[PDB]
Structures are given as structure tokens and as C-alpha cells.
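Undergrad: Can you look at this? It's an experimental structure, sequence on top.
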2 protein chains.
Amino acid sequence: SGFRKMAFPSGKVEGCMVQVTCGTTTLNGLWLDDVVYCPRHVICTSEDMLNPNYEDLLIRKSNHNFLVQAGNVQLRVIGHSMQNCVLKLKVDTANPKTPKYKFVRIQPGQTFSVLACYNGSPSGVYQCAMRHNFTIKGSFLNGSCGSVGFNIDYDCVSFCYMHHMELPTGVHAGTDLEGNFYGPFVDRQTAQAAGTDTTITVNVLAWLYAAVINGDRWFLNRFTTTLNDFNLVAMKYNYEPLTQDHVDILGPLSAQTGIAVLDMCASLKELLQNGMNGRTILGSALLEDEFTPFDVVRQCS
Amino acid sequence: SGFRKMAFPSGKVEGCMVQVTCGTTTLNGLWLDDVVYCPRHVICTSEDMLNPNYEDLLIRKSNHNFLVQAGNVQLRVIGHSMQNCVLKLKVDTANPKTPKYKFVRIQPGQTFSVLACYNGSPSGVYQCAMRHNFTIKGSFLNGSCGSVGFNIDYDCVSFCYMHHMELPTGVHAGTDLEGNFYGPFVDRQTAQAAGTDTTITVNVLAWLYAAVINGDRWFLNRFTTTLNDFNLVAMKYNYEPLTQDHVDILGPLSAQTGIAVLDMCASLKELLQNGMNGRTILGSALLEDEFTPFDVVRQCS
Ligand SMILES: *C(=N)c1nn(-c2ccc(C(F)(F)F)cc2)c(=O)n(CCc2ccccn2)c1=O
Ligand SMILES: *C(=N)c1nn(-c2ccc(C(F)(F)F)cc2)c(=O)n(CCc2ccccn2)c1=O
């Protein structure tokens, strides 16, 4: 068959997406059991966004100030709390549709699905990847804050991402479900320096592996290369350096294709040095680093 | 914010995805109300796949031969029927989770979401587009037949696509929910000629429009061009010819950007003639034709 960027199915998460409004500000929350998780900066007014004192602002806000609507269902707040950058608004009504869920902090390179919501209603779903500058590139208009990113292995939903802010650079930053930001970012309207963005080399190999499986074998060179010397090429082109754990996770892909991992590193060396000269892999003229090895096997088998 | 290929949320469709097995063959069905829709060729054995006589095979098969499982729920068949290339297996249990749905036949160029299922369980969701050879490029492994494509405007699910077969060419063909194939294809294991695949010019303009909105304005040339003479460029490069209906549907995008439609056709003329010379729009070194004008506005506003 074929290879496309595929999101996990979204239903288990849609019935967790509520509407959260404090004062004049409206953003999405995540209602799991009897707690509704949402970004802190819901309690900010425009004036406080340079550097708000969140503690002080929360002191002022009231449980009745916190307004939770699950669609046309109307939830009522019985507690409030600040875990790092998130608020936990305890409620009376527990969710009948709470899935088996875990809170997980993802590592750079990992991919997840994003359910983009506005005003508590889901609008669309798309696959993102966490990057080595701990930023994500996604679609987030005004009001999309609170939208969550998640993986579904087996029956379990593993929430890893709550969106908070767009950066002046156009990329997006956010936190895990315990409220800590990925990367150095803070929930202030400050200029914040994202760092250099290094391509997930193990992902690009896995994509190329998914190409040989799906009928694209032009890049396959008769050559080979060494891990140390591939990485010299890698650092030149700002590619994350390959390790043996990387080689090992590609093992299952190595076997089915019967193309050794170092052989593919050599095909990737020429593609970096000689570019593409006008051909395409899997329908792209760019090297693609947002498919993990896991993403490929799940799609290609 | 940003621009990504976004699928519609999938929950309303997941709870319609059942398991359908006839004889030794297992594929997915779509259970709406008291009818479970699935591809005909479920009733084929390997020997009959050159050119099966479907009528005759259905005569032989029995209601009890038709086995429907909604996850661990067990549905029981009380009728059977052949509408073109689909079977309608009436059942006793109506779906408690049937959404407000319509059956629609899409026109070439239109985009929809695909819920990829195996054995009745959804695995992933991704955006496809119907193309002018009436084929789709997607991810469809063995057992994915019966997976459906759909749009969700408002609260209504508009099913347009049931997958049936992969072609020897690697692309995918299927039917509407009334069973008629898009394009000239038949449910036979024959070599079948897909035709020439023309790029949806109105989609590529809409994508470029979505780029100016999202901070990519390098392609914007100070030039202009004529509809007749742009189309001369279009036919050279095998691009679907632009009409005034096309220009009109881009009106809302023309206004917000303040870039006339013919100006963008001129930027597209140079990109076709001079290529990209190594730059990228929206993260791609290819011209993208699987965003309708509707897809762009829904994402960019
Ligand atoms: C997402 N829902 C959203 N988030 N912010 C926002 C608020 C505060 C911070 C802080 F700096 F404190 F971290 C970061 C990001 C928004 O400002 N907006 C814009 C709301 C809006 C309303 C009307 C017109 C324009 N914009 C958000 O949507
Ligand atoms: C999808 N579920 C699927 N469909 N076909 C298939 C069957 C019949 C036709 C016809 F020509 F009649 F139109 C087209 C397509 C499949 O053949 N398979 C393969 C099943 C399989 C099982 C074990 C090992 C390999 N393949 C499908 O999966």
C-alpha cells in the first residue's frame, strides 16, 4: 500500500474536550475523571501578560469565576489548584467518557497526535513531532490553547502535550499534563529564544526505510559508511548524531527490508551531499523527520 | 499560526466501524441504523477474483454466512442485498451511536478524511483528495477494505468513500456509499488503466494563498497574467484548467490576503516554469494540490 502522515483516531479524546472561560478569556480544557486541566494563562488579562504574578492572580479569582461547559453540559467547580503552568479545576460531575489514560512526558523526536479545538469543540487532528528545540510546528489559531497531544497504544490514551502559546517565531510551545514546559519556555509574553533545530536522523532513516517497503528504491546506493563518519556528515548538515540505540531500534526495519542500517546511512550521506537532483521519496522533495521507527512499522505492517 | 494536513475528528465514525467476515474473508463494514455496508468482494474466494459472477455467489451465501461483530458486540443478519458493488446486511440491533449522516458522491478535486481500520478497529486518520483519475493515494494494507472517507460539516457526517482495492499501480480505488466506483474501475482482479493525473490547479492556488496568510510570501511576483494564457502554461505542465468558478471560490481568499487571483496565477506560472530554485512553501519543495479552498479557510480562520 502507501505511506501518509496518519493521526491516531480522535474519539476517546473528543469526549474529554470541554470549554473553559475565566473572566473574558476562553480556551479548551481536558476533563478526565473529576478534574479539568487547562493552561494557567487563562487567568491573565491583557495587561498582566508581560510578566504576570500567577499566584497573586489566582488568589483574586474565585471558584465561581471558573466556568466549565462540556458542550451544552454545565460543569461546576469545587476546587482549584496550580500545578506548574496548568490549573486543575476540580468539578462535581465526573466524565462518563473518561478513557484509560496516562500522563507521559515525551522525549525529543517522539511523535504524537494533536486534536485542535476551539471553544471546546474539536476541529481537526494531525500528527506532530516533538523537536530538539522542544517546539512543535502545528496549526493553532486564537483559542486553540488547551488542545492536547496524545498517543493511543492498545486501549490507553497517553496524553503528552497541552498547547499554550505561539512564539514570535511562528512555532508552538506547551507543556506536559503536569504543567512543565517542554524546553526553556515560560508562559510570559516575552521574546523567547528557541535554539537550533536538529533533524531527527533516526526518523529520516525510518522514513527512507518506509520508502523501500512502499516501492521507492532509487536512493539505495551500493555503498556503505561508518557510524563515526556518517556523523561527521550529520553534524555538517545539522543532523542529530546517530547512536547504536538508534541502529538497534531500526533492527526490525533492517530485517524486513534486508537493507543494513549502515547501508541506509550511506544512502542518506549522498542525499545530504548531492541533494535529490529532482526526484522524490514517498511524494516529497524534502527529507522527512516526523516519522519515528514505530510510526513506520505501525503503518507498514 | 500554521498550516498542516488536518483530518476531521474521527469519533463519530469509529463507533460505526464493525467487523465483517464471510467465509474466510474479513473486512471492515459501516453500521448505520440497522444496515451494515461493506464491499461486495467479501463474498469472493481466491479462485473467483479474476471475474466473479457476484449474483451467483450471493445466491450461494447465506444470512448465517454473514458474520458481523461490533467489537465484542455480536450482530445478527436478517437480510442481504447488492447495491452495485456494496452489500447491505440488514441486522436486528440498530446502532446507538449512529450519527446524523448523509451519503454524498464527491467531485474530482474534493478532499475528505479516511479512517483506516483493520478487523473493525480504527487505526488512524488522514486527509485524502479525490483526483481527476478518480483514484486516491492512501495507506491501505490487507484488510483495510471497507474503511470509509468522510467530511463533517456542522454536526453531520457526509460519507463519500468506501475503499475496495489497490491497483497494480499502487494507488487506491473505491466507491461511494451507493456502491458505484469513482472512475472506470471494477471489482475484478484485472489490470485496469488509470488515466493521466492532472494537478488540481484551484487547490494549488489555495495552498499558496494559505502560505501568504502563514508568512510565506517569496513566490509573490510583481507580475500578472491572463486566464487564457495561464491555462496555456497549465496544459503544458498537466494542470487542470482554471475557470471563473475557480476564480470565484478563491474570492474570500483573494480578499483577506488582498492578492488578486490572477496575480497568484502569475506567481504559479513562474513556479511551474522556473521551479522553486531551492526554496519551500509551507514546508514543502513540491506544489500541493490536496487542500481545497474550503480546507484553507477552515484552517486559516
Ligand atoms: C490560546 N487559547 C491563546 N493564548 N494566548 C496567550 C495568552 C497568554 C500567554 C502568556 F504569555 F501569558 F503565556 C500566551 C498566549 C492568546 O493571547 N490568544 C489570543 C486571544 C485573542 C482574542 C481575540 C483576538 C485575538 N486574540 C489565544 O488565543
Ligand atoms: C481489503 N480488505 C482487501 N481486498 N482484497 C481484494 C479482494 C478482491 C478484489 C476484487 F478483485 F474482487 F475486486 C480486490 C481486492 C484483497 O485481496 N486483500 C488481501 C487479503 C490477504 C490475506 C492474507 C494475505 C494477503 N492478503 C485485502 O486485504
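TA: Nice, I can see it. Numbers count the residues shown, from 1 in each chain, chains lettered A, B, ... in the order given. Ligands and ions are numbered 1, 2, ... in the order given.

Undergrad: Quick check: closest non-adjacent residue to the residue of the stretch 51-200 of chain A found nearest chain B.
TA: For the stretch 51-200 of chain A, the residue closest to chain B is residue A:124, as judged by CB to the nearest CB, at 3.4 Å. In this view, the C-beta of every residue, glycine as well, is placed from N, C-alpha and C. The shortest distance from residue A:124 to any non-neighbouring residue, by CB to CB, 6 or more residues apart in numbering or on different chains, is to residue B:6 (3.4 Å).

Undergrad: Pull the number of nearby residues for that neighbour.
TA: Burial of residue B:6, expressed as a neighbour count using other CB atoms under 10 Å in any protein chain shown, amounts to 24.

Undergrad: which residues touch whichever strand or helix holds the residue of the stretch 51-200 of chain A closest to chain B?
TA: Secondary-structure element containing residue A:124, defined by DSSP states H and E: strand A:121-129. With CB atoms under 8 Å, 6 or more residues apart in numbering or on different chains as the test, strand A:121-129 has contacts from A:5-8, A:10, A:13-14, A:17, A:71, A:109-117, A:136-139, A:149, A:161, A:200, A:203, A:289-290, A:292, A:295, B:4-10, B:125, B:298-299.

Undergrad: ok, now which ones touch the residue lying closest to residue A:286 once chain neighbours are set aside?
TA: Once its chain neighbours are removed from consideration, residue A:286 has its nearest residue in residue B:285; the separation is 5.4 Å (CB to CB, 6+ apart). Neighbouring residues of residue B:285 by CB under 8 Å, 6+ apart: A:284, A:285, A:286, B:276, B:278, B:279.

Undergrad: Going by distance to residue B:220, which of those wins?
TA: residue B:279 (12.3 Å; CB to CB).

Undergrad: Next, count neighbours for the closest one.
TA: Neighbours around residue B:279, by other CB under 10 Å: 11.

Undergrad: wait, isn't it in contact with residue B:218?
TA: Yes. A contact is recorded between residue B:279 and residue B:218 when judged using CB atoms under 8 Å, the distance being 5.8 Å.

Undergrad: List the contacts of the residue of chain A found nearest ligand 1.
TA: Closest to ligand 1 within chain A is residue A:145: 2.7 Å, counting by CB to the nearest ligand atom. By CB under 8 Å, 6+ apart, the contact list for residue A:145 reads A:27, A:28, A:39, A:41, A:42, A:163, A:164, A:165.

Undergrad: and with 10 Å instead?
TA: The contact partners of residue A:145, taken as CB atoms under 10 Å, 6 or more residues apart in numbering or on different chains, are A:20, A:25-29, A:38-39, A:41-42, A:117-118, A:162-166, A:174.

Undergrad: Enumerate the residues of the stretch 101-250 of chain A near ligand 1.
TA: By CB under 6 Å from any ligand atom, the residues of the stretch 101-250 of chain A that approach ligand 1 are A:142, A:143, A:144, A:145, A:165, A:187, A:188, A:189.

Undergrad: out of these, who has the most neighbours?
TA: Highest count within these by other CB under 10 Å belongs to residue A:145, 24 neighbours.

Undergrad: Quickly list what residue A:159 is bridged to.
TA: Per DSSP bridges, residues listed as beta-bridge partners of residue A:159: residue A:103, residue A:150.

Undergrad: any idea how far residue A:297 is from residue A:245?
TA: Shown here: residue A:297 relative to residue A:245, a distance of 16 Å by CB to CB, to the nearest Å.

Undergrad: what about those two, which has more around it?
TA: Under the criterion of other CB under 10 Å, the comparison of residue A:297 against residue A:245 puts residue A:297 first, with 16 against 9.

Undergrad: just checking, that one touches residue A:206?
TA: Yes. Applying CB atoms under 10 Å as the test, residue A:297 and residue A:206 come out as touching, 8.6 Å apart.

Undergrad: hey, what's in contact with both of the two?
TA: residue A:253.

Undergrad: Please report how far residue A:112 lies from residue A:173.
TA: Applying CB to CB to residue A:112 and residue A:173 gives a distance of 15 Å.

Undergrad: Let me know the outermost residue of chain A.
TA: Of all residues in chain A, the one whose C-alpha sits farthest from the chain's mean C-alpha position, using CA atoms, centre = their mean, is residue A:222 at 36.1 Å.

Undergrad: Just say helix, strand or coil for that one.
TA: Secondary structure for residue A:222, judged by DSSP: H, G, I helix; E, B strand; the rest coil, is coil.

Undergrad: which ones are touching the residue in chain A that chain B sits nearest to?
TA: In chain A, no residue comes nearer to chain B than residue A:11, which is 2.5 Å away by CB to the nearest CB. By CB under 10 Å, 6+ apart, the contact set of residue A:11 is A:97, A:99, A:115, A:122, A:152, B:9-15, B:97, B:122, B:125.

Undergrad: Mark which of the residues you listed are buried, thanks.
TA: Among the contacts of residue A:11, those classed as buried by neighbour count (16 or more other CB atoms under 10 Å in any protein chain shown) are A:99, A:115, A:122, A:152, B:9-15, B:122, B:125.

Undergrad: Kindly reformat these as CSV containing secondary structure.
TA: Listed next are these as CSV, based on three-state DSSP:
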residue, secondary structure
A:99, coil
A:115, strand
A:122, strand
A:152, strand
B:9, coil
B:10, coil
B:11, helix
B:12, helix
B:13, helix
B:14, helix
B:15, coil
B:122, strand
B:125, strand
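
Undergrad: What is the nearest of the residues you listed to ligand 2?
TA: Nearest to ligand 2 among the buried ones among the contacts of residue A:11: residue B:122, at 14.5 Å, using CB to the nearest ligand atom.

Undergrad: Tell me the spacing between the closest one and residue B:151.
TA: Remark: distance between residue B:122 and residue B:151 (CB to CB) = 17 Å.

Undergrad: and what of residue A:20?
TA: From residue A:20 across to residue B:151, the span is 28 Å (CB to CB).

Undergrad: Between these two, which is the more surrounded one?
TA: When neighbours are counted by other CB under 10 Å, residue A:20 comes out ahead of the other of residue A:20 and residue B:151, with 28 against 19.

Undergrad: Can you name the next helix or strand after whichever strand or helix holds that one?
TA: Assigned by DSSP H and E, residue A:20 belongs to strand A:17-22. Using DSSP H and E, the helix or strand that follows strand A:17-22 in sequence is strand A:25-32.

Undergrad: gap between that following strand and the chain center?
TA: Relative to its parent chain, strand A:25-32 has a centroid offset of 18 Å by CA atoms, centre = their mean, to the nearest Å.

Undergrad: The helix or strand following that strand pairs with which strands?
TA: Towards the C-terminus, the helix or strand next in line after strand A:25-32, according to DSSP H and E, is strand A:35-39. Using DSSP bridges, the strands paired with strand A:35-39 are strand A:25-32 (antiparallel), strand A:86-90 (antiparallel).

Undergrad: buried residues in the shortest one?
TA: Neighbour-count burial for strand A:86-90, with 16+ other CB under 10 Å as criterion, is recorded at A:86, A:87, A:89, A:90.

Undergrad: Stretch A:236-254 now?
TA: Judged by neighbour count using 16+ other CB under 10 Å, the buried positions of stretch A:236-254 are A:239, A:240, A:242, A:246, A:247, A:249, A:250, A:253, A:254.
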